[PDB]
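I have a structure I would like to understand better, so I am pasting it below and will then ask my questions one at a time.
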Amino acid sequence: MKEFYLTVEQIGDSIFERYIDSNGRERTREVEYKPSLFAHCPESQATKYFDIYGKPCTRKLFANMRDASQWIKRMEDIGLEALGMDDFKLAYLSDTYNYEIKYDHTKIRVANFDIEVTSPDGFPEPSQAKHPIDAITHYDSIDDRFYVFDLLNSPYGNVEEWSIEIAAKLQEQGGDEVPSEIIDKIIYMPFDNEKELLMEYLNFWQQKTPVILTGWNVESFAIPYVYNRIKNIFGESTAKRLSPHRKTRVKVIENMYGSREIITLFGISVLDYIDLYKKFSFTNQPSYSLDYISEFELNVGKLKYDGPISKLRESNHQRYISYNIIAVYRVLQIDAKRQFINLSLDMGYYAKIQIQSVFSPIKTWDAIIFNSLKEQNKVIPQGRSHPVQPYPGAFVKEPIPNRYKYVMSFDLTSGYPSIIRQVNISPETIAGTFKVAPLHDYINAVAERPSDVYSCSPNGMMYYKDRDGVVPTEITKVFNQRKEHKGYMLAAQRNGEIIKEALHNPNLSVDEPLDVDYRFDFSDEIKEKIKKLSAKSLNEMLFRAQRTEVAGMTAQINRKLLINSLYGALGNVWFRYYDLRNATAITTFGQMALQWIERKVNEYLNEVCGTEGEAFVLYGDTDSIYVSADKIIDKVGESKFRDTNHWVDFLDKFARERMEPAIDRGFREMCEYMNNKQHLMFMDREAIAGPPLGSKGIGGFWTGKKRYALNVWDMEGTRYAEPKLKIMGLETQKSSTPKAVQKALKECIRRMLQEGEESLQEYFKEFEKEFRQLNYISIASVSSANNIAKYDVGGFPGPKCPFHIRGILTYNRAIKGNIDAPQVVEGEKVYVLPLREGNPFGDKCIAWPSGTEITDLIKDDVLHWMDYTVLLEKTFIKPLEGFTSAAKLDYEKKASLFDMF
DNA sequence: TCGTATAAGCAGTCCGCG
DNA sequence: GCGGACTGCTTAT
Ligand SMILES: [Ca+2]
Ligand SMILES: [Ca+2]
Ligand SMILES: [Ca+2]
Ligand SMILES: [Ca+2]
Ligand SMILES: [Ca+2]
Ligand SMILES: [Ca+2]
């Protein structure tokens, strides 16, 4: 096989590399790598090395990495650019793996672990590590085994061995329901004392040294706790055995409001799954407890027990250990679905970076661009200091608040990356400037043509047309990968709808799910077999189709994230190729394209309807337009349609055969006007929306910018079995809105869009009457809690104290003295409830940690003093009033003359 | 919240508005 | 009461 790296580190003048050799075996080596850097030189000096602007360079080979580093400093002292890859391990990888890396994940050791620590005096601080580690479960991907290290004897209690037989049994048998599929993969090891547990763990770690290390909060809790505990008991040198090169570093993480410390383990790549999830999941969750995320992702029940966790080990050690094991498995189950480890490995090896660097698009793109240029013997520029400066972004059209019956939407495929490619926007392709006219003169095609030589953006920038820049070239490669995976995702989505249709008529029989690839549209043969299948087999196929769709979504949306973050990196001062001329060239061109094509679509539709000056485009944001189709539907007559799906086909056909060709012609003219390198503005139809045929549903509505709702029948070629609500920005989409309120507001919207005013009125009346029975957690608001200390004046609200912070301070007073009650953590999220006048907490609200029940001693009082009237008005009635006034209807029936009878 | 970008919505505080 | 200046938080893109 071809060799590939696992990890790489610089330690002084040595590179330390773990790698898989040509026989598929893990190896480690120390290499005294001699890096090269570059300086500009005279023309007469013959070289093969040139900077990105074509200026000749001489290569300087250093005796060691420390010499290169000192050379860079002295070059700053002189005032001259020091060119080349200053991160030497990236140069090492580039030299050592000078080909497209083909990696074999089965050879990479991925470890997933979790520890338990009993603590009677509140949260066990990792930096202190003053309590015994009483359980470790460590899963190894190569052995496919869960290794369990169990402490039987502790100052906080002596206990019996955990029983795998009881673990396996059902909850209803008194067991722990550890999944049967992992029961045989558990290797259980009990210990008399913590010292021998820990020494054994280190010996094990030496044998099975993680390459990728993950888990839930491992970077912030598990790793620092284990490191600092071993340090306290045995000393530093022993603690550093967690690094295969015996080197670690205490690493301070800073933000605007304080800082914390992590432990960097040299020769390990730590990918904490909580951070993978936050970056790549495209969710914003009320809570990030493993319990909460597992429930959301997997539909598994909460891991239930009696009493506080601080007494779980001594009261029920059996369950204590079983829940440690299940916690580890939960993360593997989330990854099986979401596939973020797979994503990270793909991106990391593509870029030739340390795998943990996938969190930084700046590092990722610096490595991609360096490797690309190095192939052509070109030399990268030195990074420079820049002050942070604002710059302008996208155009967003102000909609007229209203109901909108029939809507068709279009938007650009990979908008900003396509602009980069079309205009040829790159550091080394800047050709000059031209004198800019007001943006509207370009939009209306009345400004002078910018250039007859170079490719232009309306911000005044001109670019070379004779060859692609390195940014367009590399962004295209990742864009093409994105396109492939989006295709797989959309096929899986279409296949899912075929299964849902067939579930209307499930056959009474015993049979199996078909063995099919859900990434490709089902053949006619597969479709015929599906119509004969039972509900059980269809349901299992639907689940598999939906897992394939999720796998496709992860691959495509995060490749989209990566290329969009290259645009964004151009406006970040730490990026080697930072340049606000290029960032604004992209955003300003985007503004023009949107309003240019708005004009063209309006002109086109006014033409086919024989009107003048009528506005068919009702809204747009960044690179999308929403088109009113009422007049198109009315030109045929609603009476002519057999059913909903009939007019959806008609609009689908109109969009593809009439609108898109008009859109394409409009952008071809704009490309020539700007003299761009290549026409890449491709604005595909997205949504087809309207009410069910013959209903009183309103179809859709807008309240304002970034706030709308549409009843969609077809989305990018997916024809739904049942219409789907596309709701953007409204309170149903906000993590701050209470769960039960999201649900009720969504049903009100469904009724508005599908059934009409009377249906909405019936549902409102009922919700208002019954909502006081809703569980308190379901009706709590949610907020992040920053700067709690800033607003704490003697345990009371200081000036301008935010409502949610006030709630936290109220909580802090109510639990004072207790080292047992849960503390609210700075920067994490809280549930919030209003309180009726004259309550015992002495203020108008209370907040507590999100994803948890409020502690029992104040729970009853909170439940008794909850202000349901305020909660209803603020979270439900206010937003609904906004939706309904925008849609021009009433959520409460108005009086009439018929009331006289 | 260590980790690419800007535009823009709503909740709430503080206080003016005769 | 509303709305402007401001902070805080959370979306759409
Ligand atoms: Ca635990
Ligand atoms: Ca787009
Ligand atoms: Ca699209
Ligand atoms: Ca059937
Ligand atoms: Ca869009
Ligand atoms: Ca009480």
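In what follows, every chain begins at residue 1, and chains take the letters A, B, ... in the order their sequences are listed.
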Self-check item: Inter-nucleotide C1' distance (B/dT1, C/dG8), Å rounded
Solution: 14 Å
Exercise. Looking at every strand, decide which applies to A/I262 at a 4.0 Å heavy-atom threshold: base, sugar-phosphate, or nothing.
Key: base
Quiz item: With respect to the side chain of A/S360, which nucleotide from B/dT4, B/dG9, B/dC2 is positioned closest?
Solution: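 Selected nucleotide: B/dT4.
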Practice problem: Could you check whether A/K844 gets within reach of a base, just the sugar-phosphate, or nothing at all, counting any heavy atom under 4.0 Å? | Solution: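 Contact class for A/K844: sugar-phosphate only.
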Quiz item: At under 4.0 Å between heavy atoms, what does A/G393 touch on the DNA or RNA strands: base, sugar-phosphate, or nothing?
Solution: sugar-phosphate
Self-check item: Atom pair distance, as rounded to whole Å: NZ in A/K279 and P in B/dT4
Solution: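 To the nearest whole Å, that distance equals 6 Å.
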Exercise. Could you tell me which residues satisfy salt bridge (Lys or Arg N to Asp or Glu O under 4.0 Å) with A/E828, sequence neighbours excluded, listed by chain and number?
Key: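 Here no residue qualifies.
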Identify the pairs formed between an N or O of the protein and an N or O of nucleotides 6-10 of chain C at a distance under 3.5 Å, and give each distance.
{"residue": "C/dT7", "atom": "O3'", "partner": "A/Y791", "partner atom": "OH", "Å": "3.4"}
{"residue": "C/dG8", "atom": "OP1", "partner": "A/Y791", "partner atom": "OH", "Å": "2.7"}
{"residue": "C/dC9", "atom": "OP1", "partner": "A/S784", "partner atom": "O", "Å": "3.2"}
{"residue": "C/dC9", "atom": "OP1", "partner": "A/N786", "partner atom": "N", "Å": "3.2"}
{"residue": "C/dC9", "atom": "OP1", "partner": "A/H804", "partner atom": "NE2", "Å": "2.8"}
{"residue": "C/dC9", "atom": "OP2", "partner": "A/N786", "partner atom": "ND2", "Å": "2.9"}
{"residue": "C/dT10", "atom": "OP1", "partner": "A/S784", "partner atom": "N", "Å": "3.1"}
{"residue": "C/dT10", "atom": "OP2", "partner": "A/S784", "partner atom": "OG", "Å": "2.7"}

Quiz item: So what does A/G704 touch, heavy atoms closer than 4.0 Å: a base, only the sugar-phosphate, or nothing?
Solution: nothing
Practice problem: Look at the side chain of A/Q356 and the base of B/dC2, then say whether one donor and one acceptor between them are separated by less than 3.5 Å. | Solution: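 For A/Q356, whose side chain was compared with the base of B/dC2, there is no donor-acceptor pair (under 3.5 Å).
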Self-check item: Contacts of type salt bridge (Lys or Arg N to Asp or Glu O under 4.0 Å), residue A/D579, not counting sequence neighbours
Solution: A/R581
Quiz item: Given B/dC10, B/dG3, C/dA12, which nucleotide is nearest the side-chain atoms of A/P361?
Solution: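 Minimum distance to the A/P361 side chain belongs to B/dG3.
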Quiz prompt | Closest to side chain of A/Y391, choosing from B/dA5, B/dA7, B/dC2 | solution = B/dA5
Exercise. Would you mind classifying the nucleic acid contact of A/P799 as base, sugar-phosphate or nothing, using non-hydrogen atoms under 4.0 angstrom?
Key: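 Sugar-phosphate, backbone atoms only, no base.
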Self-check item: A/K874 side chain, from C-beta outward: closest of B/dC10, B/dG3, B/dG12
Solution: B/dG12
Quiz item: Nearest-Å distance, CD1 (A/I274) to P (B/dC2)?
Solution: 11 Å
Exercise. Taking side chain to side chain donor-acceptor pair (under 3.5 Å) as the test, write out the residues that go with A/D346, two or more places apart.
Key: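 A/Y103, A/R559.
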Exercise. Kindly write out the residues that satisfy side chain to side chain donor-acceptor pair (under 3.5 Å) with A/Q382, not counting sequence neighbours, or none if the list is empty.
Key: none
Quiz item: Is the number of heavy atoms from other residues, nucleotides or ligands under 6.0 Å of A/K724 NZ greater than 12?
Solution: no
Practice problem: Check salt bridge (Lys or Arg N to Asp or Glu O under 4.0 Å) between A/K560 and all other residues, then give those that pass, not counting sequence neighbours. | Solution: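 If we apply the salt bridge (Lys or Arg N to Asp or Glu O under 4.0 Å) test to A/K560, skipping adjacent residues, there are no hits.
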Quiz prompt | Sugar-phosphate, base or nothing in reach of A/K278, heavy atoms under 4.0 Å | solution =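 Here A/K278 touches no strand at all.
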Quiz item: Contact class for A/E254 (heavy atom, under 4.0 Å): base, sugar-phosphate, or nothing?
Solution: sugar-phosphate
Quiz item: Using a cut-off of 4.0 Å on non-hydrogen atoms, how would the nucleic acid contact of A/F395 be classed: base, sugar-phosphate, or nothing?
Solution: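 Touches nothing.
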Quiz prompt | Rounded interatomic separation in angstrom, taking CD from A/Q354 and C1' from B/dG3 | solution = 14 Å
Quiz item: Can we say A/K705 and A/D621 salt-bridge, meaning some charged N sits less than 4.0 Å from an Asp/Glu carboxylate O?
Solution: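 No, A/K705 and A/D621 are not salt-bridged.
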